[PDB]
């Protein structure tokens, strides 16, 4: 009777020893595979990327090279404009002298 209880206890303690050993095995496997709070500290949050620009946001982005190409076109038009200005100035001068010459001729010819 007492002896039965002791036998029962021997069996139950051996089974507990094994249950404890298996829990240790499991906890070990868990620790090797667990992400930690430190791990989380190295990670980007959703909030960290809430103001992220995407490749689609910039798909139509102009570049500094686009600006430089336009600036070249503008400088070349400025040079052409100056060249025309100079020719107009030469002509303005020639027209003024022609007007003077014609005035003199009209004085000299009168009614003919």
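Residue numbers count along the first chain shown, from 1.
Student: Averaging CA B factors per stretch from the PDB record, which one is higher: 74 to 82 or 28 to 36?
Tutor: It is 28 to 36 that shows the higher mean C-alpha B-factor.
Student: Determine, for stretches 18 to 26 and 5 to 13, which one has the higher mean CA B-factor as deposited.
Tutor: Averaged over C-alpha atoms, the B-factors run higher in 5 to 13.
Student: If you check the C-alpha B-factor for each of 52, 59, 67, 44 in the entry, which is highest?
Tutor: Largest recorded C-alpha B-factor: 59.
Student: Relative to the other modelled residues in the chain, which third contains the C-alpha temperature factor of residue 103: lowest, middle or highest?
Tutor: CA B-factor rank for residue 103: middle third.
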